[PDB]
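For reference, the chains in residue letters:
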Amino acid sequence: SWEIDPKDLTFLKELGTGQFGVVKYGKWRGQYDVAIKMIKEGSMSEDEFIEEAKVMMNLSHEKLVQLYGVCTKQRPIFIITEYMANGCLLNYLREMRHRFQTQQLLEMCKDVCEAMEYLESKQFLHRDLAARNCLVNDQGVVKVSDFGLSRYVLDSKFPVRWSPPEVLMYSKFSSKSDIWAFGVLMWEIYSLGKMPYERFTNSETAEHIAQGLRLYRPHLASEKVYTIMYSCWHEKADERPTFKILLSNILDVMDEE
Ligand SMILES: O=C1[C@H](Nc2ccccc2)CCCN1[C@@H]1CCCN(c2ncnc3[nH]ccc23)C1
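Residues numbered from 1 in each chain as written, not as in the entry; some residues may be left out. Heavy atoms only, no water. Residues with missing side-chain atoms left out of burial classes, pairs and counts.

Caption draft 1: Looking closely at the site of the ligand. The immediate surroundings of the ligand are formed by 14 residues, with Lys-37, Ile-39, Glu-82, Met-84 and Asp-146 found nearest. Here an oxygen atom of the ligand and a side-chain polar atom of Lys-37 are 3.0 Å apart. With respect to the ligand, the backbone of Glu-82 contributes an N or O atom lying 2.9 Å from a nitrogen atom. For the shell around the ligand, the secondary structure elements donating two or more residues are strand 1 (9–18) and strand 3 (32–39). Top contributing element to the shell around the ligand by residue count: strand 3, with three residues. (Near = heavy atom within 4 Å. Polar contact = N/O pair within 3.5 Å; in protein donor to acceptor, adjacent residues only side chain to side chain. Helix = DSSP H or I, 4+ residues; strand = E, 2+ residues; numbered from the N terminus.)

Caption draft 2: Examining the nonpolar core more closely. Of all hydrophobic cores here, the largest spans 63 residues; its most connected members are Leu-89 and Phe-182. Here this core gathers at least three residues from each of two domains, domain 1 (6–82) and domain 2 (87–256). The residues touching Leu-89, leaving out its near neighbours within four places in the chain, are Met-108, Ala-131, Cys-134, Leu-135, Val-136, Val-142, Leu-185 and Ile-189. One finds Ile-4, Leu-9, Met-38 and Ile-80 within the second-largest nonpolar core, a separate group that totals eight residues. (Core = buried A, V, L, I, M, F, W, Y, C linked by side-chain atoms within 4.5 Å. Buried < 20%, exposed > 50% of the residue type's maximum accessible area, 1.4 Å probe, protein only. Domains from an automatic or database assignment. Contact = heavy atoms within 4.5 Å.)

Caption draft 3: Local environment of empty space enclosed by the protein. A volume near 140 Å³ is recorded for the largest cavity. When contributions to the lining of the largest cavity are tallied by element, the ones reaching two or more residues are helix 1 (46–58) and strand 5 (78–81). As a volume, the second largest cavity reaches approximately 100 Å³. No other element matches the three residues that helix 5 (residues 175–190) contributes to the lining of the second largest cavity. Here the lining of the second largest cavity is built from residues that sort into eight nonpolar, two polar and three charged. (1 Å grid on protein atoms, 1.4 Å probe; cavity = no way out; pocket = protein on both sides within 12 Å on 5 of 7 lines; lining within 4 Å. Points joined across faces, edges and corners; volume = space filled by probe spheres on them. Nonpolar A, V, L, I, M, F, W, Y, C, P; charged D, E, K, R; others polar.)

Caption draft 4: Up close: helix 6 (residues 202–210). Listed as buried for helix 6 are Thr-205, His-208 and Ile-209. In a view along the axis of helix 6, the buried residues occupy a sector of 90°, so they form one face of it. In the stretch just after helix 6, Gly-212 is the one whose phi turns positive, near 85°. (Arc of directions from axis to C-beta.)

Caption draft 5: Spatial organisation of the pattern of salt bridges. For the coordinates displayed, the defined rule picks out 14 salt bridges. A salt bridge links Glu-82 to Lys-143, with the shortest nitrogen-to-oxygen separation between them at 2.7 Å. Here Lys-143 lies in strand 7 (residues 142–144) and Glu-82 lies in the loop between strand 5 and helix 2 (89–94), a separation of 61 residues in the sequence. You can call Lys-143 buried: its relative accessible area is 10%. In this structure, the salt-bridge partner of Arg-240 is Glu-166, at a minimum N-O distance of 2.9 Å. Of this pair, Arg-240 sits in the loop between helix 7 (223–231) and helix 8 (243–256) while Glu-166 sits in helix 4 (residues 165–170), placing them 74 residues apart in sequence. This pair shows no difference in class: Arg-240 is buried, exactly as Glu-166 is. Several salt bridges share partner residues, and in doing so they unite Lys-63, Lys-110, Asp-111 and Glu-114 into one network. (Salt bridge = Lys/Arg side-chain N within 4 Å of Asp/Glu carboxyl O.)

Caption draft 6: Broad picture of the packing of helix 5 against helix 8. Look at helix 5 against helix 8: their axes get within 11 Å of each other, and the N-to-C directions meet at 25°. Comparing their axes, helix 8 and helix 5 come out roughly parallel. Where helix 5 approaches helix 8, its residues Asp-178, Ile-179 and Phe-182 are matched on the opposing element by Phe-243, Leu-246 and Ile-250. The residue makeup of the contact of helix 5 with helix 8, split by class, is five nonpolar, no polar and one charged. (Axes fitted to C-alpha atoms, helices over the stretch in contact; angles between N-to-C directions. Parallel < 35°, antiparallel > 145°, perpendicular 65-115°, else oblique.)

Caption draft 7: View of unusual backbone geometry. That bond from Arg-75 to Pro-76 is cis: its omega, 5°, falls within 30 degrees of zero. Structurally, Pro-76 can be placed in the loop between strand 4 (67–71) and strand 5. The phi angle at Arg-99 is positive, at roughly 50°, despite the residue not being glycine. Inspection of the secondary structure assignment puts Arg-99 in the loop between helix 2 and helix 3 (102–121).

Caption draft 8: Structural context of the pairing of strand 5. Going residue by residue along strand 5, you find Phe-78 and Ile-80 tucked away on one face and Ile-79 and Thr-81 tucked away on the opposite face as well. Of the pairings in the sheet, the one linking strand 3 to strand 5 comprises four bridges and is antiparallel in character. Residue pairing in the sheet places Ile-36 in a bridge with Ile-80 of strand 5. Between strand 4 and strand 5, which follow one another and run antiparallel, lie six residues. (Pairing = 2+ DSSP bridges.)

Right under this line is the structure:
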């Protein structure tokens, strides 16, 4: 049920290339738009990824980048997922031609928050939530991509700038580390793709965070939006809200402004 016949695929255009592999745009069975992620050899723990791909099949939500299947009878293995015509959210934010309204930015945050509240309702962690791991479709809808994928990367590259103090100190991952990452993601949305702690190294950022210091308010963020994103960064993990509470807060702010 999780396996796709690679012969059902037609490759139309290359979307990206990196140490993770090559991503191409294509069609499934002649008409269905798909993204084909060809995994670089030796880059991933492939047996484990195949086992958990079946679990990822049942994760279905309108704001999750949907997994259609995997091709594992050949090398490189393929991950067949939803096609998102406007690509990476980070690059999308950095394109200044869009002249974004803060209303569109809050809508982006709400998209991501709905996806994350669904994942939380399934007790599934993303473990690498960030704008570089979000995608934008032709309608402008933002969806969460590559959830749980870092568990199978075989590997300086750790997302220090998206990590709470307990992760940086003792590697304690939980739903609250996803919450912290979501706060940093709202920051980078309202900063139009700016790098968190842009004038700091990863080491300086870790020291900054352990000292209790935080990011501060992006210019496009109102007081209520900043309050929402700042609430994700409480030093005590259990004092950080849930994604359901964050969704309520964002909906309230959308109604207010
Ligand atoms: O997929 C990845 C990466 N993750 C990855 C890569 C290889 C193997 C396993 C995971 C992380 C960021 C870069 N990309 C793509 C670069 C080209 C533009 N991308 C898309 N454009 C349109 N539709 C899409 N659907 C899914 C991706 C995608 C995203």
